[PDB]
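Here the structure is laid out as structure tokens; the discussion comes afterwards.
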Amino acid sequence: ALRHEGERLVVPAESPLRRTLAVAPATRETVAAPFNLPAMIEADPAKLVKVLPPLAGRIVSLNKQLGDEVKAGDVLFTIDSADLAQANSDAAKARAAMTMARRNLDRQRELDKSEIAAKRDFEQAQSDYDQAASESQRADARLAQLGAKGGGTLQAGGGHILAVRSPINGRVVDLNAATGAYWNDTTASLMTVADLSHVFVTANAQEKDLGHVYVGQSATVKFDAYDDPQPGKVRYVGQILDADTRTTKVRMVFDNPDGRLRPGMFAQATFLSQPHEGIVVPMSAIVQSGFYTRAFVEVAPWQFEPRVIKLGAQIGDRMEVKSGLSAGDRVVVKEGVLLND
Ligand SMILES: [Zn+2]
């Protein structure tokens with residue numbers, strides 16, 4: 001009665017599970033798991049651009065339209081920033097005032113001096129100037145900031161109207177802007193240009209099936225709502241998990257000549273791992289407590305040690321233990337030498 005503890009678990013020599021416990025060495029065998037991954041269609045990250053405006057302002061026009069063809073670099077929309085209007089003139093004011101305010105000062109130094117001095121008014125002269133200068137210096141920077149943002153899309157004259165161009169060839173794939181509407185946000189994004197002649201079919205894999213993927217495979221992709229499955233080859237790859245989901249991206253590029261392949265659609269895939277010599281236990285041997293997962297190994301007769309393992313592929317009741325658990329260990333089957341009940 002019935003499990004004593006060191007950390008490692010000793011069974012008397014007395015106890016009932018002395019009948020019901022069972023063990024076998026851990027056998028290395030060949031594995032060639034077929035495995036299956038959820039996937040989604042994805043535009044080629046660019047290849048696709050959500051075009052944003054460089055500055056806010058009234059939309060003057062929408063050349064190009066949902067479905068319309070585009071070439072790099074057509075004009076897609078035009079913005080009347082104002083905004084940039086103000087700031088251009090304000091800084092015209094700002095400077096005028098200064099320059100004038102200045103030479104009003106300069107003509108008050110020369111009459112203190114030369115001949116005979118007049119009145120304190122020099123005092124206003126200076127305060128007035130110092131101020132107009134600071135304010136101009138202010139306007140100067142507002143223009144500076146703004147023009148740096150919308151300088152590359154300006155035309156000569158106009159109203160200070162920006163013309164945003166498309167940087168790549170494709171079709172207008174999303175719209176969501178109105179002529180006359182003011183656009184305040186950014187990104188925001190007035191439209192979306194894209195060339196989906198080819199798409200990514202991006203499947204996502206788990207640590208379970210991560211040693212089982214390789215650039216080079218060898219995939220069968222079955223969408224919905226398309227009955228007829230379709231072949232692919234993975235181009236990428238791995239190689240870091242996603243923290244939230246703990247999956248990694250495994251993507252294959254598809255031709256989309258029709259293109260019944262639409263970014264967003266769902267699919268599955270459908271792979272075969274290279275044969276490799278792997279170690280495998282029955283389900284009866286694995287136990288989970290949290291985010292783990294471990295088997296029990298006999299030491300020492302009737303003395304067991306926990307062992308943190310991971311894990312998969314499985315199917316059916318056989319389970320690939322990818323570490324470990326190494327060849328020969330007397331693993332239990334099993335079972336609840338982890339509760340005392
Ligand atoms: Zn494996």
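So you can find residues: chains in the structure tokens are A, B, ... in the order shown, residues in each start at 1, and ligands are numbered from 1 in order.
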
Protein and nucleic acid residues within 7 Å of ligand 1 (only C-alpha atoms and all ligand atoms) as an mmCIF file with N, CA and C atoms, in the first residue's frame:
data_model
loop_
_atom_site.group_PDB
_atom_site.id
_atom_site.type_symbol
_atom_site.label_atom_id
_atom_site.label_comp_id
_atom_site.auth_asym_id
_atom_site.auth_seq_id
_atom_site.Cartn_x
_atom_site.Cartn_y
_atom_site.Cartn_z
ATOM 1 N N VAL A 31 8.976 4.672 -39.210
ATOM 2 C CA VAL A 31 7.748 5.470 -39.306
ATOM 3 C C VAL A 31 7.691 6.261 -40.615
ATOM 4 N N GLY A 211 9.041 17.821 -37.512
ATOM 5 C CA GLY A 211 10.205 17.106 -37.990
ATOM 6 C C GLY A 211 9.811 16.341 -39.238
ATOM 7 N N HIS A 212 8.518 16.366 -39.545
ATOM 8 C CA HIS A 212 7.964 15.601 -40.647
ATOM 9 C C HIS A 212 7.732 16.448 -41.900
ATOM 10 N N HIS A 276 11.958 7.181 -41.414
ATOM 11 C CA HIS A 276 13.050 7.321 -40.463
ATOM 12 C C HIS A 276 12.771 6.338 -39.370
ATOM 13 N N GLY A 278 12.143 5.509 -35.871
ATOM 14 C CA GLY A 278 11.641 6.253 -34.726
ATOM 15 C C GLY A 278 11.191 5.335 -33.608
ATOM 16 N N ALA A 313 4.256 11.795 -34.355
ATOM 17 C CA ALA A 313 2.912 11.372 -34.762
ATOM 18 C C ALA A 313 2.334 10.163 -34.046
ATOM 19 N N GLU A 320 4.479 7.851 -31.730
ATOM 20 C CA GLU A 320 5.884 8.185 -31.846
ATOM 21 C C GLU A 320 6.324 9.130 -30.732
ATOM 22 N N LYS A 322 9.239 11.311 -29.836
ATOM 23 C CA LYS A 322 10.450 11.891 -30.451
ATOM 24 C C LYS A 322 11.570 12.355 -29.489
#

Query raised in the report: Contacts of residue 179 (chain A) at 12 Å or less, counting only C-alpha atoms, minus same-chain residues fewer than 2 places along, as a ChimeraX atom specification?
Result: /A:57-63,65,77-80,175-177,181-183,190

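Among the candidate residues A:303, A:126, A:36, A:131, the one lying nearest to residue 273 (chain A) is A:36, with distances computed using only C-alpha atoms.
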
Requested in this report: Name the residues of region 92-224 of chain A that fall into strand (DSSP E or B) according to DSSP on the backbone, using the chain letters and numbers of this document, as a VMD selection string.
Outcome: chain A and resid 154 161 to 165 170 to 174 182 to 183 191 to 194 198 to 205 215 217 to 222

Requested in this report: Measure the distance from CA of residue 209 (chain A) to CA of residue 239 (chain A) in Å and round it to one decimal.
Outcome: 12.8 Å

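Pairwise distance (CA of residue 83 (chain A), CA of residue 55 (chain A)) equals 8.6 Å.
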
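In terms of minimum interatomic distance to residue 282 (chain A), A:25 ranks closest within A:6, A:152, A:263, A:25, counting only C-alpha atoms.
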
Requested in this report: Check region 70-216 of chain A with DSSP on the backbone and list each residue it calls alpha helix (DSSP H), as a count of residues only.
Outcome: 55

Query - Spatial neighbours of region 231-236 of chain A, 7 Å, only C-alpha atoms, chain gap at least 2 places, as a count of residues only - result: 12

Residue neighbourhood region 255-260 of chain A, 7 Å, only C-alpha atoms, exclusion window fewer than 4 positions, as an mmCIF file with C-alpha atoms, in the first residue's frame:
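Final output, saved to part04.cif:
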data_model
loop_
_atom_site.group_PDB
_atom_site.id
_atom_site.type_symbol
_atom_site.label_atom_id
_atom_site.label_comp_id
_atom_site.auth_asym_id
_atom_site.auth_seq_id
_atom_site.Cartn_x
_atom_site.Cartn_y
_atom_site.Cartn_z
ATOM 1 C CA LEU A 196 -3.062 36.585 -57.828
ATOM 2 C CA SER A 197 -1.996 34.733 -60.980
ATOM 3 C CA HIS A 198 -0.427 32.605 -58.305
ATOM 4 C CA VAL A 199 -1.257 32.241 -54.625
#

Closest atom pairs, region 13-107 of chain A residues within 12 Å of region 245-248 of chain A, only C-alpha atoms, as CSV:
residue,atom,partner,partner_atom,distance
A:37,CA,A:247,CA,10.7
A:38,CA,A:247,CA,10.9
A:39,CA,A:248,CA,11.6

Requested in this report: Within 10 Å of region 87-95 of chain A, counting only C-alpha atoms, which residues show up once you throw out same-chain ones fewer than 2 positions away? Write them as a PyMOL selection string, please.
Outcome: chain A and resi 82-85+97-101+132-144+146-147+160

Write the selection just made, keeping N, CA and C atoms, as a compact mmCIF listing (two decimals), in the first residue's frame?
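Wrote it out as out.txt, contents follow:
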# COMPACT_ATOMS: atom_id res chain seq x y z
N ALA A 82 -5.58 69.83 -47.42
CA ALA A 82 -5.74 71.24 -47.07
C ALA A 82 -6.22 71.48 -45.64
N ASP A 83 -5.34 71.48 -44.64
CA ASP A 83 -3.98 70.91 -44.65
C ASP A 83 -2.85 71.60 -45.42
N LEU A 84 -2.16 70.83 -46.26
CA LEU A 84 -0.97 71.30 -46.95
C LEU A 84 -1.23 72.65 -47.59
N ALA A 85 -2.50 72.91 -47.90
CA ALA A 85 -2.93 74.22 -48.37
C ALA A 85 -2.51 75.28 -47.35
N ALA A 97 5.43 88.78 -42.34
CA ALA A 97 5.40 89.46 -41.03
C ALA A 97 6.79 89.66 -40.46
N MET A 98 7.58 88.59 -40.43
CA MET A 98 8.93 88.61 -39.89
C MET A 98 9.79 89.65 -40.59
N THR A 99 9.87 89.53 -41.90
CA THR A 99 10.77 90.32 -42.72
C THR A 99 10.45 91.79 -42.56
N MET A 100 9.16 92.09 -42.56
CA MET A 100 8.65 93.44 -42.35
C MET A 100 8.93 93.90 -40.93
N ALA A 101 8.42 93.14 -39.96
CA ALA A 101 8.71 93.36 -38.53
C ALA A 101 10.18 93.59 -38.23
N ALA A 132 7.38 87.26 -34.31
CA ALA A 132 7.01 86.94 -35.68
C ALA A 132 7.96 85.89 -36.22
N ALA A 133 9.22 85.98 -35.79
CA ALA A 133 10.26 85.03 -36.15
C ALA A 133 9.95 83.64 -35.60
N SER A 134 9.64 83.56 -34.32
CA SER A 134 9.30 82.28 -33.70
C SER A 134 8.12 81.64 -34.40
N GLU A 135 7.06 82.41 -34.61
CA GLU A 135 5.86 81.92 -35.30
C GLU A 135 6.13 81.42 -36.71
N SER A 136 6.97 82.15 -37.44
CA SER A 136 7.38 81.73 -38.78
C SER A 136 8.16 80.42 -38.67
N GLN A 137 9.26 80.46 -37.94
CA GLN A 137 9.94 79.26 -37.53
C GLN A 137 8.97 78.12 -37.14
N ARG A 138 7.81 78.46 -36.60
CA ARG A 138 6.82 77.40 -36.38
C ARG A 138 6.19 76.93 -37.68
N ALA A 139 5.53 77.83 -38.40
CA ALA A 139 4.99 77.50 -39.72
C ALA A 139 5.97 76.74 -40.59
N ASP A 140 7.25 77.08 -40.48
CA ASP A 140 8.32 76.50 -41.29
C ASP A 140 8.45 75.02 -41.14
N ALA A 141 8.09 74.54 -39.96
CA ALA A 141 8.30 73.16 -39.58
C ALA A 141 7.07 72.35 -39.90
N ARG A 142 5.91 72.98 -39.80
CA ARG A 142 4.64 72.35 -40.14
C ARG A 142 4.68 72.02 -41.63
N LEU A 143 5.19 72.95 -42.43
CA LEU A 143 5.34 72.71 -43.85
C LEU A 143 6.37 71.61 -44.03
N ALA A 144 7.54 71.78 -43.42
CA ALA A 144 8.58 70.77 -43.48
C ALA A 144 8.06 69.34 -43.24
N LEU A 146 4.94 68.16 -43.28
CA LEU A 146 3.91 67.76 -44.23
C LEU A 146 4.45 67.39 -45.61
N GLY A 147 5.23 68.29 -46.20
CA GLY A 147 5.84 68.06 -47.49
C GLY A 147 6.77 66.86 -47.55
N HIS A 160 -2.42 71.94 -54.65
CA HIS A 160 -1.62 71.08 -53.80
C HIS A 160 -2.33 69.74 -53.63
